[PDB]
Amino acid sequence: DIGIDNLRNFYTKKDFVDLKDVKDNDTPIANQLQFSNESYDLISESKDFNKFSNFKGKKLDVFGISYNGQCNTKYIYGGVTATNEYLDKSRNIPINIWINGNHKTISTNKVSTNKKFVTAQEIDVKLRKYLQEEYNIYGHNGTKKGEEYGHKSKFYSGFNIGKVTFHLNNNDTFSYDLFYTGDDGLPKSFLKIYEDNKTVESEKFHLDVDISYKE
């Protein structure tokens, strides 16, 4: 299943997109923003055409996972925020985690943001990299961390079921499946979850994470 190696690589090894104060190119394309550098163009795709219209030609930040495009292009789903408000300090997002039923609470510099409104993508990708580093959820993390959970899953890990829930202060929520591989195991499919360019107010949410196994 190609999705095993692609989740591991795209979430936990491949460098995230992280652009600050970059100008969108203001093309006529309604569903795409575009950011150029000397070697390639990054195209962000979204279904939030109203947001994209407001962002055309503006100074923006971009964060998330890109995947290769033809010739001189790379793609990301969403990932875009307005460069107008930032917190004074990065906020480490509190994480309530249940690991095979056992609960703990943690915060870490590894899951943090200074954006007043952060994409869900930025937080999720940071979180999954942290979960891989500490719990080896996708297997083959290259350290001894998470050996205690074993290697029974198809990832060579202790886990094959999991969820991240964004828990907003008003007890609205939304969730992503930590082991979703899309229709074909390819990033162009599984990253499409981020195409809404959903954001959250960084000071006013926390994360609930559940990871477990069923044979």
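All residue numbers are counted from 1 along the displayed sequence.
When the C-alpha B-factors of 28 to 36 and 143 to 151 are averaged, 143 to 151 comes out higher. Higher mean CA B-factor, judged across 121 to 129 and 86 to 94 from the recorded values: 86 to 94. Note on the listed residues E203, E195, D21, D18: the highest Cα temperature factor in the record is that of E203. Per the PDB entry, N54 shows the highest C-alpha temperature factor of the residues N54, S46, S175, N68. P187: CA B factor lies in the lowest third for its chain, per the PDB record.
Among all modelled residues in this chain, the alpha-carbon of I106 has a temperature factor (C-alpha) in the highest third. For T113, the recorded CA B-factor ranks within the middle third of the chain. Only modelled residues enter the ranking.
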